[PDB]
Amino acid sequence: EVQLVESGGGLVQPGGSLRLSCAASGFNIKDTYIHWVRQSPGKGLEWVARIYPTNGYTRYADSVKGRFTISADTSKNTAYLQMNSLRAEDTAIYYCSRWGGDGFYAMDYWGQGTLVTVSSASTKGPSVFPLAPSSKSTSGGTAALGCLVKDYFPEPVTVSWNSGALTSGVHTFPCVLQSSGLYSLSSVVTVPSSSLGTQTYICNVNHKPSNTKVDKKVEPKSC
C-alpha cells in the first residue's frame, strides 16, 4: 500500500524555524513528484512547494520562497520542508502528497497532515475532568458520560475510550479556543444505563505537545 506520513509539526515562535519530514512507503519517491500543501482558515488549501527527487528540481509558492526549502533523501524515501522566519500566516496543517504516481496526474495519496502553530504562547497540558453519568444524563435506558479536557495549548489532543475498543456512540467535540487563549474540548459517550458500574469506562487523553497522557476513569458520583 502507498503511504505518506508527515512528522515534525509543532509550536514555534514567530521568527523561528521548524523542519517537517514526509516519510514514504509502498512506492519510490524517485518515480513521482512530492508536494507540500498546507491548509488554514486564511487561505484554505494552499500549495507550498514541490520537488522531483529524480533530478532535484524544486518550485515554491511566492509567499514562502526563501523562507522554506524542500528537499528529499531518496536513500530514506523521505522528503523535507525546512521552515524559517515563520509568521502567523504559516500556521496551518501541513500535508505532503505525491503527484504522477502510477501515471495519475493528480495528488492521489496524502499524509494525515502535521500541524504547525506559530505563536508566542507557551505549551500547557490539559486538565482532564470526568463528566460523571448521573440521573441528569440518562433517559430511555441510556446514559451519557464523558471527559472534559480543559486548558491546553497548542492543538492537538486525541481522545479514545477504553483504548479504542469503545467507538459506538462516541461524540468527541471540536475544540474551542477560550478567551484565555487556551483550548478545551469534551468527549462524550452514550451507553446502556444497566452497564454503569459493571463496565469500566476510561477516556484515554493524549496531548503530545506537553507529553501529557491521561487515562481517566469515569464512574457515577456516589453520595
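Residue indices: 1-based, along the sequence shown.
Higher mean CA B-factor, judged across 29 to 37 and 177 to 185 from the recorded values: 177 to 185. Remark: stretch with higher mean C-alpha B factor among 207 to 215 and 11 to 19 is 207 to 215.
Out of 69, 55, 193, 172, the entry records its largest CA B-factor for 55. Annotation for residue 77: C-alpha temperature factor in the middle third relative to the rest of the modelled chain, per the entry. Ranked within its chain, residue 97 lands in the lowest third, by CA B factor from the PDB record.
The deposited CA B-factor of residue 123 belongs to the middle third of values across its chain.
Residue 151: CA B factor lies in the highest third for its chain, per the PDB record. Placement of the Cα temperature factor of residue 59 within the chain: middle third of the modelled residues, per the deposited record.
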